[PDB]
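Novice: quick one: experimental structure and sequence below.
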Amino acid sequence: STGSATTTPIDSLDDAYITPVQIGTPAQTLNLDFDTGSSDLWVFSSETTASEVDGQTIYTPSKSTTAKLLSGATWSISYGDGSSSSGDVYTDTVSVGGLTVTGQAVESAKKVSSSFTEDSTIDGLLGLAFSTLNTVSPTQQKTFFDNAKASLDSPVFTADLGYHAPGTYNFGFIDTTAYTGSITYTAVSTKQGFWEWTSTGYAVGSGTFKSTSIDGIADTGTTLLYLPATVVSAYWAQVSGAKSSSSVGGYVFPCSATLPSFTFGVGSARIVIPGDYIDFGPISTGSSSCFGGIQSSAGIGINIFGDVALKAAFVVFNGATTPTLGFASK
């Protein structure tokens, strides 16, 4: 089998991407944030505290003839941005772009933190990291990809995120029309539960490539590119007036600037992020200070190849017995 679904930016900055997902019988369609940095499929629901729902579409398990309470199971998750959610668990039928999994754990939110409530466009998350990170207790549950894998034509999914435009998540096949050149594959460590890999270096604009190993995660659920402070300083030093602002929480730059590109290495290959992809707009409405799309990871504990980096590439998440990542230009 295969599936193919369009993913759409939630706003004009590409802060996140939503993909329609069918849950239950009859189908209830929710727009979920596909997140290769986590491993829970959770949704706003008829059980979510009413004051914490503000415009989202909810899953109502009592209206699904295929929903079953997973008795005794609970879940609770905290994300790297300080947001969180928790609740109980149903199993139900879940379909993405024509690909169907029966018995998928659908984690129903009883509580969500304020940042979820405040984002009316995201109805939940669909985790695509390794199932070892899934938070369901006392019986850990599998991701949608893990459940579908054996049925797929090939045990892969691909992320093709657009810049200020829709893109595609495909399951079970590699669309050879969706990229240019060849796909360069690179090794993955699953030891932390992530799609963790090592970039071979970077360049800033037209500058020379610096060969240096940068371990990080391919994370569609993170907006920006988080890299070591040395790398990030070298980038922003090429932008007149850019500075790190403790009060804003990262590098800012004059909105009048034209930003240089940023290149990252995948083996001997190179992915070029155009400068425009690094502009996240005014820090507050009407400001002439703009927020940078490349930020320091120094306070995270891990480097994160988020949407800023991934949207410059066609990315293969290869879930073969030994997982690997592939990157192609597009």
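Specialist: Now that the structure is in, tell me what you want to look at. Numbers count the residues shown, from 1 in each chain.

Novice: from here on, contacts and neighbour counts on C-alpha atoms
Specialist: OK.

Novice: what about the helices in the stretch 1-150 of the chain?
Specialist: Taking DSSP state H, counting those that start in this stretch as the criterion, the stretch 1-150 of the chain carries its helices at 114-118, 144-148.

Novice: deepest of those, which one?
Specialist: Using mean count of other CA atoms under 10 Å, the stretch among the helices of the stretch 1-150 of the chain with the largest mean neighbour count is helix 144-148, at a mean of 21.

Novice: check which helices and strands that helix sits against.
Specialist: Contacts defined by 3 or more CA pairs under 8 Å, 6 or more residues apart in numbering; DSSP states H and E place helix 144-148 against strand 99-112.

Novice: output the strand it packs on in PDB, but only the C-alpha positions, please.
Specialist: Below are the C-alpha coordinates for strand 99-112, written out as PDB (Å, rounded to 0.1, in the frame of the first residue of the first chain):
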ATOM      1  CA  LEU A  99      -3.400   4.700   3.600                       C
ATOM      2  CA  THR A 100      -5.400   3.100   6.500                       C
ATOM      3  CA  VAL A 101      -4.300   1.700   9.800                       C
ATOM      4  CA  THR A 102      -6.800  -0.100  12.000                       C
ATOM      5  CA  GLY A 103      -6.300  -0.200  15.700                       C
ATOM      6  CA  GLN A 104      -4.100   2.900  15.900                       C
ATOM      7  CA  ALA A 105      -3.700   4.500  19.300                       C
ATOM      8  CA  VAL A 106      -5.500   7.900  19.200                       C
ATOM      9  CA  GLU A 107      -4.500   9.800  22.300                       C
ATOM     10  CA  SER A 108      -7.400  12.000  23.400                       C
ATOM     11  CA  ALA A 109      -6.500  15.200  25.100                       C
ATOM     12  CA  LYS A 110      -8.100  16.000  28.400                       C
ATOM     13  CA  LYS A 111      -5.700  19.000  29.000                       C
ATOM     14  CA  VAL A 112      -3.600  21.100  26.600                       C
END
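
Novice: tell me what it is packed against?
Specialist: Using 3+ CA pairs under 8 Å, 6+ apart, strand 99-112 sits against strand 41-43, strand 84-96, helix 144-148.

Novice: out of the ones you listed, which comes closest to residue 293?
Specialist: strand 84-96 (23.3 Å; CA to CA).

Novice: can you list the strands that that closest one pairs with?
Specialist: The strands beside strand 84-96 in its sheet (DSSP bridges) come out as strand 17-23 (antiparallel), strand 68-78 (antiparallel), strand 99-112 (antiparallel).

Novice: out of the ones you listed, which is closest to residue 235?
Specialist: Going by CA to CA, the one of these nearest residue 235 is strand 17-23, 25.9 Å.

Novice: using CSV, list the CA coordinates for that closest one.
Specialist: Taking C-alpha atoms only, strand 17-23 is exported to CSV below (Å, rounded to 0.1, in the frame of the first residue of the first chain):
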residue,chain,number,x,y,z
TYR,A,17,2.4,22.6,8.6
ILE,A,18,-1.0,20.8,8.9
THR,A,19,-2.0,17.6,7.1
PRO,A,20,-5.6,16.3,7.0
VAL,A,21,-6.1,12.9,8.8
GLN,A,22,-9.3,10.8,8.8
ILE,A,23,-10.1,9.2,12.2
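
Novice: for stretch 225-239, measure first residue to last.
Specialist: 17 Å (CA to CA, to the nearest Å).

Novice: same deal with stretch 294-314?
Specialist: Stretch 294-314: ends 20 Å apart by CA to CA.

Novice: would you mind listing the buried residues in it?
Specialist: When burial is assessed from 16 or more other CA atoms under 10 Å, stretch 294-314 yields the following buried residues: 294-297, 302-314.

Novice: which of these fall within strands?
Specialist: 294, 295, 296, 303, 304, 305, 314 (DSSP state E).

Novice: ok, longest helix in the chain?
Specialist: For the chain, the longest helix by residue count, based on DSSP state H, is helix 229-236.

Novice: contacts for that helix next, please.
Specialist: With CA atoms under 8 Å, 6 or more residues apart in numbering as the test, helix 229-236 has contacts from 204, 242, 243, 251, 262, 294, 295, 296, 297, 298.

Novice: please produce a markdown table containing the residues you listed, extended by distance to residue 324.
Specialist: Below are the contacts of helix 229-236 laid out as a markdown table (distance: CA to CA, whole Å):
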| residue | distance to residue 324 |
| --- | --- |
| 204 | 27 |
| 242 | 36 |
| 243 | 36 |
| 251 | 32 |
| 262 | 23 |
| 294 | 25 |
| 295 | 26 |
| 296 | 26 |
| 297 | 23 |
| 298 | 26 |
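
Novice: which one of those residues is nearest residue 12?
Specialist: For these, the nearest to residue 12 is residue 294 (17.8 Å; CA to CA).
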